[PDB]
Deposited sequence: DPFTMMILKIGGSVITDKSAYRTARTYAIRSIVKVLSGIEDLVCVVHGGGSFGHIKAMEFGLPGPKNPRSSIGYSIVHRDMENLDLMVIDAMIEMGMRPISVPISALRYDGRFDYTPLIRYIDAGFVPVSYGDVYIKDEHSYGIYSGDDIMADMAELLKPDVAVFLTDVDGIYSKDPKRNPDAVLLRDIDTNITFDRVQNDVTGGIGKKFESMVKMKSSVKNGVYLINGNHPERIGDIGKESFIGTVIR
């Protein structure tokens, strides 16, 4: 079994509100459709939740501004999600979105509906989303959070994160011409990296970070040729 997250940095233009990279969505999903053991797909939001979230005070205390922002951020995320769902349906996949915003929550989310779908043969699709954290607070659960939950619940053999760079580097490669790709990380981007390292305890054969602009690399896992990072 594989679980996989598509980063918002690769399927959206993060700098421009509600701006998708449709060709990246299509070319990633074309590859995802050939992965036989792919049981769950998560994606991030990029410019479809982070801009309105900041603008409306999410995550944060409930007030009439964040309450309206909650509606907008969730709606925007559905719009992005439907573009991923459309490409999956085109490739003959059997996707079904299960938003975090629709799950029971008591401090952790009741994912029973995603598990039921996996058992019935669907590929549940979920994404970084708003939720009601408590009677006076709205949270944002990111796609990395959801991936950590899914690792713990499913104990998949492999987890893949797609971002818009080749892997985890020593430093942000966009700022730092001298940054070096880290091919292999052991268990003994900072927030993302922490939770990936922590996922490895639930993922038998590796948590990978791969360039979503090179989705074909998912199939090079194991080969010399492989370009990417593995946490192992």
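Student: Against the full deposited sequence, which stretches does the structure leave out?
Tutor: Sequence ranges with no C-alpha atoms are 1 to 4, 193 to 205.
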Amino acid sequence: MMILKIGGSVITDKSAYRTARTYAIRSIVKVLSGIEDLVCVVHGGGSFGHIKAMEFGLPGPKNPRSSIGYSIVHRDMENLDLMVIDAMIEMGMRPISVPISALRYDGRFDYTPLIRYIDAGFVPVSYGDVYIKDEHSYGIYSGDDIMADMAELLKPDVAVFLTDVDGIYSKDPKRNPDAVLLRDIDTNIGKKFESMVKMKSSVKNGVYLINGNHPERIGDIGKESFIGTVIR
From here on, numbers count along this sequence of modelled residues.
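Student: Would you determine, from the values in the PDB entry, which of 118 to 126 and 132 to 140 has the greater average C-alpha temperature factor?
Tutor: The stretch with the larger mean CA B-factor is 132 to 140.
Student: Mean Cα B factor from the PDB record: higher for 104 to 112, or higher for 70 to 78?
Tutor: Between 70 to 78 and 104 to 112, it is 104 to 112 that shows the higher mean C-alpha B-factor.
Student: Would you mind finding, among 59, 34, 45, 173, the residue with the largest C-alpha temperature factor in the entry?
Tutor: That would be 173.
Student: What third of its chain, lowest, middle or highest, does the C-alpha temperature factor of residue 211 fall into?
Tutor: For residue 211, the deposited C-alpha B-factor lands in the lowest third.
Student: If you rank the chain by CA B-factor, which third does residue 166 end up in: lowest, middle or highest?
Tutor: Lowest third - that is where residue 166 ends up once the chain's C-alpha B-factors are sorted.
Student: Pull the Cα B-factor of residue 87 out of the PDB entry and bin it into the chain's lowest, middle or highest third.
Tutor: Middle third.
Student: Ranking the modelled residues of this chain by C-alpha B-factor as given in the entry, is residue 40 in the lowest, middle or highest third?
Tutor: Its C-alpha B-factor belongs to the middle third of this chain's values.
Student: Sorting the chain's modelled residues by C-alpha B-factor, tell me whether residue 189 ends up in the lowest, middle or highest third.
Tutor: CA B-factor rank for residue 189: highest third.
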